[PDB]
$ cat final.txt   # compact mmCIF, C-alpha atoms
# COMPACT_ATOMS: atom_id res chain seq x y z
CA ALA A 11 69.97 106.53 124.30
CA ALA A 12 68.97 107.26 120.70
CA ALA A 13 72.17 108.71 119.21
CA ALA A 14 74.33 105.90 120.63
CA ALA A 15 72.63 103.37 118.32
CA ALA A 16 72.61 105.64 115.23
CA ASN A 17 76.31 106.36 115.78
CA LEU A 18 77.09 102.68 115.28
CA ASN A 19 74.86 102.90 112.18
CA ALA A 20 77.24 105.64 111.04
CA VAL A 21 79.96 103.05 111.69
CA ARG A 22 78.17 100.50 109.49
CA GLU A 23 77.99 102.56 106.31
CA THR A 24 81.68 103.49 106.53
CA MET A 25 82.31 99.77 107.13
CA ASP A 26 80.42 99.19 103.83
CA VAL A 27 82.52 101.81 101.98
CA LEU A 28 85.71 100.00 103.04
CA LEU A 29 84.07 96.83 101.74
CA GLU A 30 84.23 98.42 98.30
CA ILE A 31 87.83 99.70 98.74
CA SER A 32 88.86 96.20 99.83
CA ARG A 33 87.47 94.42 96.77
CA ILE A 34 88.78 96.91 94.21
CA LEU A 35 92.29 96.36 95.67
CA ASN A 36 91.87 92.51 95.62
CA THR A 37 92.49 91.88 99.32
CA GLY A 38 92.23 88.55 101.14
CA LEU A 39 90.09 90.00 103.93
CA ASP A 40 86.36 89.57 104.10
CA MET A 41 83.88 91.77 105.95
CA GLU A 42 84.34 89.97 109.29
CA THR A 43 88.15 90.04 109.00
CA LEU A 44 88.21 93.77 108.17
CA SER A 45 86.17 94.50 111.31
CA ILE A 46 89.03 93.07 113.37
CA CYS A 47 91.44 95.09 111.23
CA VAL A 48 89.70 98.35 112.18
CA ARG A 49 89.79 97.25 115.85
CA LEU A 50 93.54 96.76 115.43
CA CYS A 51 94.21 100.13 113.83
CA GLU A 52 92.23 102.25 116.35
CA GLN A 53 94.57 101.18 119.16
CA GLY A 54 97.62 102.14 117.09
CA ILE A 55 100.03 99.72 115.42
CA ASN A 56 102.15 99.73 112.25
CA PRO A 57 100.09 98.29 109.37
CA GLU A 58 103.29 97.03 107.74
CA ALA A 59 103.52 94.68 110.74
CA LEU A 60 99.94 93.40 110.33
CA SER A 61 100.47 93.11 106.57
CA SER A 62 103.59 90.99 107.10
CA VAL A 63 101.57 88.88 109.58
CA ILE A 64 98.81 88.15 107.02
CA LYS A 65 101.43 87.78 104.28
CA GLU A 66 102.83 84.83 106.26
CA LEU A 67 99.57 83.45 107.70
CA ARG A 68 98.02 83.20 104.24
CA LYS A 69 101.04 81.24 103.03
CA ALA A 70 100.75 78.82 105.96
CA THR A 71 97.40 77.32 104.99
CA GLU A 72 98.10 76.72 101.29
CA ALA A 73 101.69 75.52 101.80
CA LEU A 74 100.15 72.70 103.87
CA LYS A 75 97.71 72.11 101.00
CA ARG B 606 121.54 107.07 68.08
CA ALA B 607 121.39 103.67 66.41
CA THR B 608 118.14 104.69 64.72
CA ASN B 609 117.18 107.63 62.47
CA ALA B 610 116.04 109.80 65.45
CA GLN B 611 119.60 111.10 65.96
CA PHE B 612 119.28 113.37 62.91
CA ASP B 613 116.31 115.31 64.27
CA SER B 614 116.62 118.43 66.50
CA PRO B 615 118.41 118.19 69.88
CA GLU B 616 115.41 119.83 71.56
CA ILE B 617 112.77 117.29 70.53
CA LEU B 618 115.02 114.31 71.25
CA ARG B 619 115.83 115.86 74.63
CA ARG B 620 112.09 116.12 75.31
CA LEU B 621 111.68 112.39 74.70
CA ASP B 622 112.44 110.68 77.96
CA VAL B 623 111.17 107.60 79.73
CA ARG B 624 108.80 107.72 82.68
CA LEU B 625 107.43 105.14 85.08
CA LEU B 626 104.00 105.25 86.67
CA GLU B 627 103.25 104.33 90.30
CA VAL B 628 104.22 100.77 91.30
CA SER B 629 102.17 97.96 92.89
CA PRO B 630 103.62 94.95 94.80
CA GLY B 631 102.09 92.76 92.13
CA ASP B 632 103.62 94.24 89.01
CA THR B 633 104.90 93.70 85.47
CA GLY B 634 107.08 96.05 83.43
CA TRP B 635 104.57 95.86 80.57
CA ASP B 636 101.91 97.11 83.00
CA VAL B 637 103.88 100.13 84.31
CA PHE B 638 105.84 101.92 81.55
CA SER B 639 105.44 105.17 79.64
CA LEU B 640 107.24 107.55 77.34
CA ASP B 641 106.72 111.15 78.45
CA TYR B 642 107.18 114.10 76.12
CA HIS B 643 108.00 117.11 78.25
CA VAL B 644 106.24 120.45 77.83
CA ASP B 645 108.51 123.44 78.34
CA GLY B 646 108.06 127.10 77.52
CA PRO B 647 104.62 128.73 77.51
CA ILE B 648 103.43 125.78 75.39
CA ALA B 649 101.30 124.66 78.39
CA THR B 650 98.75 127.22 77.14
CA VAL B 651 98.42 125.18 73.93
CA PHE B 652 98.60 121.68 75.48
CA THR B 653 96.92 120.76 78.77
CA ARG B 654 97.25 117.75 81.10
CA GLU B 655 93.92 116.36 79.84
CA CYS B 656 95.21 115.91 76.29
CA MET B 657 98.30 114.24 77.78
CA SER B 658 95.99 111.81 79.59
CA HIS B 659 94.21 110.91 76.37
CA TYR B 660 97.64 110.67 74.69
CA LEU B 661 98.65 108.12 77.36
CA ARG B 662 95.40 106.17 76.85
CA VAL B 663 95.87 105.73 73.09
CA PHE B 664 99.53 104.85 73.79
CA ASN B 665 98.30 102.07 76.13
CA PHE B 666 96.09 100.73 73.31
CA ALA C 13 93.23 93.03 126.95
CA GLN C 14 90.92 93.32 123.96
CA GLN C 15 94.03 93.30 121.75
CA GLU C 16 94.75 89.71 122.86
CA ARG C 17 91.23 88.48 122.06
CA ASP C 18 91.63 90.41 118.81
CA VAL C 19 94.86 88.64 117.84
CA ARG C 20 93.23 85.27 118.61
CA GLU C 21 90.36 86.20 116.27
CA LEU C 22 92.98 87.31 113.71
CA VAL C 23 94.72 83.91 113.70
CA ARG C 24 91.32 82.16 113.66
CA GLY C 25 90.08 84.20 110.70
CA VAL C 26 93.17 84.27 108.51
CA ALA C 27 95.08 81.09 109.29
CA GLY C 28 91.89 79.01 109.50
CA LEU C 29 92.96 77.49 112.83
CA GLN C 30 90.00 77.09 115.18
CA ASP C 31 91.94 74.80 117.56
CA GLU C 32 93.88 76.74 120.17
CA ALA C 33 95.74 73.77 121.70
CA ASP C 34 97.12 73.17 118.20
CA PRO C 35 100.87 73.99 118.43
CA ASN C 36 100.77 75.80 115.06
CA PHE C 37 98.25 78.25 116.56
CA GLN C 38 100.51 78.89 119.55
CA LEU C 39 103.54 79.37 117.29
CA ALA C 40 101.46 81.84 115.25
CA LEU C 41 100.60 83.67 118.48
CA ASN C 42 104.31 83.86 119.37
CA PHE C 43 105.05 85.07 115.83
CA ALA C 44 102.36 87.76 116.04
CA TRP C 45 103.43 88.99 119.49
CA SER C 46 107.13 88.99 118.56
CA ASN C 47 106.34 90.90 115.36
CA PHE C 48 104.33 93.46 117.35
CA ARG C 49 106.81 93.83 120.22
CA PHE C 50 109.83 94.20 117.89
CA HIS C 51 108.88 96.89 115.39
CA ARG C 52 111.35 98.05 112.75
CA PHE C 53 108.73 99.55 110.45
CA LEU C 54 108.73 103.18 109.34
CA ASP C 55 106.04 105.59 110.53
CA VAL C 56 103.30 106.39 108.02
CA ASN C 57 103.01 109.82 106.42
CA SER C 58 99.75 111.15 104.98
CA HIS C 59 101.35 112.79 101.92
CA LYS C 60 102.81 109.53 100.58
CA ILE C 61 99.45 107.76 100.95
CA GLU C 62 97.76 110.64 99.10
CA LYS C 63 100.30 110.21 96.28
CA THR C 64 99.43 106.49 96.16
CA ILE C 65 95.69 107.31 95.95
CA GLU C 66 96.24 109.69 93.04
CA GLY C 67 98.50 107.14 91.33
CA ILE C 68 95.95 104.33 91.41
CA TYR C 69 93.36 106.85 90.17
CA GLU C 70 95.72 107.46 87.20
CA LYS C 71 96.04 103.68 86.59
CA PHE C 72 92.25 103.37 86.56
CA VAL C 73 92.01 106.17 83.99
CA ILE C 74 94.87 104.91 81.74
CA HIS C 75 93.20 101.53 81.10
CA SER C 76 90.07 103.47 79.96
CA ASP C 77 87.71 102.63 82.82
CA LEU C 78 86.09 105.98 83.58
CA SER C 79 83.11 104.99 85.74
CA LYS C 80 85.25 102.85 88.06
CA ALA C 81 87.70 105.75 88.48
CA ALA C 82 84.91 108.23 89.22
CA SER C 83 83.38 105.81 91.74
CA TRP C 84 86.85 105.26 93.27
CA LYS C 85 87.36 108.97 93.91
CA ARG C 86 83.72 109.28 95.04
CA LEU C 87 84.10 106.49 97.61
CA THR C 88 87.35 107.99 98.93
CA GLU C 89 85.65 111.36 99.46
CA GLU C 90 82.78 109.66 101.30
CA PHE C 91 85.20 107.59 103.41
CA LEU C 92 87.38 110.48 104.54
CA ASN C 93 84.49 112.02 106.57
CA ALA C 94 84.90 109.49 109.40
CA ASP C 105 95.09 109.33 111.09
CA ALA C 106 93.11 106.10 111.36
CA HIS C 107 92.08 106.82 107.75
CA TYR C 108 95.69 106.68 106.57
CA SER C 109 96.43 103.62 108.74
CA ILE C 110 93.64 101.48 107.28
CA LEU C 111 94.24 102.82 103.73
CA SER C 112 97.95 101.98 103.83
CA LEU C 113 97.06 98.56 105.31
CA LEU C 114 94.71 97.72 102.40
CA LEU C 115 97.27 99.13 99.92
CA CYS C 116 100.31 97.17 101.11
CA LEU C 117 98.36 93.97 102.00
CA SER C 118 97.55 93.27 98.37
CA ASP C 119 97.85 95.12 95.12
CA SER C 120 98.39 93.32 91.81
CA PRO C 121 97.93 96.25 89.34
CA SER C 122 94.89 97.47 87.32
CA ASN C 123 92.17 95.01 88.22
CA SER C 124 89.88 93.15 85.83
CA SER C 125 86.77 93.72 87.91
CA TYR C 126 83.17 94.92 87.82
CA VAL C 127 80.42 96.49 90.00
CA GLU C 128 81.40 100.10 89.28
CA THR C 129 77.79 101.27 89.74
CA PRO C 130 76.56 99.25 92.75
CA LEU D 727 96.22 107.92 62.23
CA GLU D 728 95.87 109.06 58.64
CA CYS D 729 92.44 110.64 57.96
CA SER D 730 92.76 112.51 61.24
CA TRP D 731 96.27 113.62 60.31
CA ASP D 732 94.95 115.00 57.02
CA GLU D 733 92.21 117.01 58.73
CA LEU D 734 94.64 118.30 61.38
CA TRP D 735 97.32 119.29 58.87
CA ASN D 736 94.70 121.06 56.79
CA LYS D 737 93.13 122.95 59.70
CA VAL D 738 96.47 124.14 61.11
CA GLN D 739 98.23 125.27 57.92
CA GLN D 740 95.30 127.38 56.69
CA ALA D 741 94.43 128.75 60.14
CA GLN D 742 95.59 132.25 61.08
CA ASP D 743 94.69 132.25 64.80
CA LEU D 744 95.79 130.29 67.86
CA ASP D 745 92.12 129.89 68.83
CA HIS D 746 91.63 127.99 65.57
CA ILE D 747 94.63 125.65 65.91
CA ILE D 748 93.81 124.70 69.52
CA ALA D 749 90.17 123.99 68.67
CA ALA D 750 91.35 121.90 65.71
CA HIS D 751 93.68 119.74 67.82
CA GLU D 752 90.82 119.30 70.33
CA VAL D 753 88.45 117.76 67.77
CA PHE D 754 91.38 115.82 66.23
CA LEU D 755 91.96 114.13 69.57
CA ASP D 756 88.31 113.59 70.50
CA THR D 757 87.77 111.93 67.12
CA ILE D 758 90.75 109.71 67.98
CA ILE D 759 88.95 108.72 71.20
CA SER D 760 85.81 107.96 69.17
CA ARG D 761 87.59 105.93 66.46
CA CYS D 762 89.67 103.96 68.93
CA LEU D 763 87.91 101.48 71.19
CA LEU D 764 88.19 103.58 74.35
CA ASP D 765 84.77 105.27 74.48
CA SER D 766 82.29 104.82 77.31
CA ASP D 767 79.95 102.68 75.21
CA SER D 768 82.63 100.59 73.46
CA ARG D 769 84.01 99.31 76.80
CA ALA D 770 82.50 95.83 76.36
CA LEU D 771 83.99 95.86 72.85
CA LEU D 772 87.43 96.43 74.38
CA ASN D 773 86.71 93.75 76.99
CA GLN D 774 85.98 91.42 74.12
CA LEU D 775 89.14 92.47 72.27
CA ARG D 776 91.33 91.75 75.32
CA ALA D 777 90.04 88.17 75.21
CA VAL D 778 91.53 87.63 71.76
CA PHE D 779 94.88 88.86 73.02
CA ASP D 780 94.63 86.26 75.84
CA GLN D 781 94.79 83.25 73.51
CA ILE D 782 97.71 84.92 71.75
CA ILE D 783 100.01 85.02 74.77
CA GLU D 784 98.70 81.68 76.11
CA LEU D 785 99.83 80.03 72.86
CA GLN D 786 103.53 80.76 73.47
CA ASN D 787 103.44 78.48 76.48

$ encode --input "final.txt" --output "C-alpha cells"
Amino acid sequence: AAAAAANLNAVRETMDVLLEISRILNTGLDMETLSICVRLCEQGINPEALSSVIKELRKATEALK
Amino acid sequence: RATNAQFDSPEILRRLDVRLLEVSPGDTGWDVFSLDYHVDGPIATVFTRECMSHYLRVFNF
Amino acid sequence: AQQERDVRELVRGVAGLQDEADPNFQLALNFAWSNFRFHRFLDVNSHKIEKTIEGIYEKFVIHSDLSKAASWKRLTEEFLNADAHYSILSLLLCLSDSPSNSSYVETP
Amino acid sequence: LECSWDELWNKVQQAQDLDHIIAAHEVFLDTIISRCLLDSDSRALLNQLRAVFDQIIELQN
C-alpha cells in the first residue's frame, strides 16, 4: 500500500551507495548494469563466475575494435 | 651484510624485515611494498599504531 | 525464468550486442550458461572480505587521502544496514581493482 | 629530517620522565606531517607535485 513503495525507495538509496563503491573501485559497470548484478546475486551464484564472464565479455568488444 | 648495517646490534637488524600490503589484481611492486620495524617488549606503550601509520606515510613520500 | 532474461540483459549491457540472432550473442549465451552450470569457484567467506575492506582502507590512508578514506568507511557502514552484502562486495572487488585510485568526489 | 632531529634529541636527553619523551616524539612527528606535503590543506600541492614526477618517468620512454 504505502510501505511497499517506500521500501523500494529504501532500495534506491542503497543502490546509490553502491554507485559510489563502484566508481571508487574503477569498475566497468554503470548504474543500469549494477542493477542486473544485484538481481544476479540475490538468487545466489559465485561472483567469481560473473567476474570471469565480464572479464571475457569486455575483451570481446575491444578485440574486434 | 654487504652494507654497513651488519655491524649494528643483532636485535635491531632482526627487527628490520620486509612486509607487503594487500594486493590488487591491477598492481605494481612499487605500489605495494613496505619495510616494517617490529615492536616487541612493552615498547607498545611508547609507540602506537597511529605513529606507525604516519611513519608509513612519510616513507611513501 | 527471470535469470534467463537477466543473462540476456547482461550480454546486451556488457558485450554491446543488441542483436540476438547474431551468432556471437548465442555463443556468449552458451559461454555464460556453461560457466554457470560448471562451477569450480571457491565459496566466499565474510572474514576474508572484511580483511580486504580494511586493506583498501589502509591503502587510502597511506597515499595521504584522509577524506576519501573517511567517506569510504562511512559508506561501508551505511551500506551494511541492508550474505548478499559480501557477494556484491566481492564481485565489485574482483571485477576490477587497479590500486590506489587517482579520483575525486570525496565529499559528494 | 635535521631541525626536527635536533629538537627531538634535545627534548629526550634532558627529559627525566617517560611522559616527557612520549609527548616530545608526538610533536616531533606531527611537525613532520606539517613540514612534509601530506597535510589536509596541502593535498592539491601534492597533486601538483605528482604531476612533475609524471614527466620524469614518461621521459625514459

$ residues_around --input "final.txt" --residues "residue B:655" --least-positions-apart "6" --cutoff "12 Å" --atoms "all atoms listed in the file" --output "list in words"
residues 649, 661 and 662 of chain B; 70, 73 and 74 of chain C; 752, 755 and 756 of chain D

$ atom_distance --input "final.txt" --atom1 "atom CA of residue C:115" --atom2 "atom CA of residue A:17"
27.3 Å

$ closest_atom_pairs --input "final.txt" --of "stretch 33-122 of chain C" --to "stretch 62-75 of chain A" --cutoff "12 Å" --atoms "only C-alpha atoms" --output "JSON lines"
{"residue": "C:36", "atom": "CA", "partner": "A:70", "partner_atom": "CA", "distance": 9.6}
{"residue": "C:37", "atom": "CA", "partner": "A:67", "partner_atom": "CA", "distance": 10.4}
{"residue": "C:39", "atom": "CA", "partner": "A:67", "partner_atom": "CA", "distance": 11.2}
{"residue": "C:40", "atom": "CA", "partner": "A:67", "partner_atom": "CA", "distance": 7.9}
{"residue": "C:41", "atom": "CA", "partner": "A:63", "partner_atom": "CA", "distance": 10.4}
{"residue": "C:42", "atom": "CA", "partner": "A:63", "partner_atom": "CA", "distance": 11.3}
{"residue": "C:43", "atom": "CA", "partner": "A:63", "partner_atom": "CA", "distance": 8.1}
{"residue": "C:44", "atom": "CA", "partner": "A:63", "partner_atom": "CA", "distance": 6.6}
{"residue": "C:45", "atom": "CA", "partner": "A:63", "partner_atom": "CA", "distance": 10.1}
{"residue": "C:46", "atom": "CA", "partner": "A:63", "partner_atom": "CA", "distance": 10.6}
{"residue": "C:47", "atom": "CA", "partner": "A:63", "partner_atom": "CA", "distance": 7.8}
{"residue": "C:48", "atom": "CA", "partner": "A:63", "partner_atom": "CA", "distance": 9.4}
{"residue": "C:51", "atom": "CA", "partner": "A:62", "partner_atom": "CA", "distance": 11.5}
{"residue": "C:52", "atom": "CA", "partner": "A:62", "partner_atom": "CA", "distance": 11.9}
{"residue": "C:53", "atom": "CA", "partner": "A:62", "partner_atom": "CA", "distance": 10.5}
{"residue": "C:113", "atom": "CA", "partner": "A:62", "partner_atom": "CA", "distance": 10.2}
{"residue": "C:114", "atom": "CA", "partner": "A:64", "partner_atom": "CA", "distance": 11.4}
{"residue": "C:116", "atom": "CA", "partner": "A:62", "partner_atom": "CA", "distance": 9.2}
{"residue": "C:117", "atom": "CA", "partner": "A:65", "partner_atom": "CA", "distance": 7.3}
{"residue": "C:118", "atom": "CA", "partner": "A:65", "partner_atom": "CA", "distance": 9.0}

$ closest_residue --input "final.txt" --among "B:659, B:606, B:624, B:654" --to "chain C" --atoms "all atoms listed in the file"
B:659

$ closest_atom_pairs --input "final.txt" --of "chain D" --to "chain C" --cutoff "12 Å" --atoms "all atoms listed in the file" --output "JSON lines"
{"residue": "D:759", "atom": "CA", "partner": "C:76", "partner_atom": "CA", "distance": 10.3}
{"residue": "D:762", "atom": "CA", "partner": "C:76", "partner_atom": "CA", "distance": 11.0}
{"residue": "D:763", "atom": "CA", "partner": "C:76", "partner_atom": "CA", "distance": 9.2}
{"residue": "D:764", "atom": "CA", "partner": "C:76", "partner_atom": "CA", "distance": 5.9}
{"residue": "D:765", "atom": "CA", "partner": "C:76", "partner_atom": "CA", "distance": 7.8}
{"residue": "D:766", "atom": "CA", "partner": "C:78", "partner_atom": "CA", "distance": 7.4}
{"residue": "D:767", "atom": "CA", "partner": "C:77", "partner_atom": "CA", "distance": 10.9}
{"residue": "D:768", "atom": "CA", "partner": "C:76", "partner_atom": "CA", "distance": 10.3}
{"residue": "D:769", "atom": "CA", "partner": "C:77", "partner_atom": "CA", "distance": 7.8}
{"residue": "D:770", "atom": "CA", "partner": "C:77", "partner_atom": "CA", "distance": 10.7}
{"residue": "D:772", "atom": "CA", "partner": "C:76", "partner_atom": "CA", "distance": 9.4}
{"residue": "D:773", "atom": "CA", "partner": "C:124", "partner_atom": "CA", "distance": 9.4}
{"residue": "D:776", "atom": "CA", "partner": "C:124", "partner_atom": "CA", "distance": 10.7}
{"residue": "D:777", "atom": "CA", "partner": "C:124", "partner_atom": "CA", "distance": 11.7}
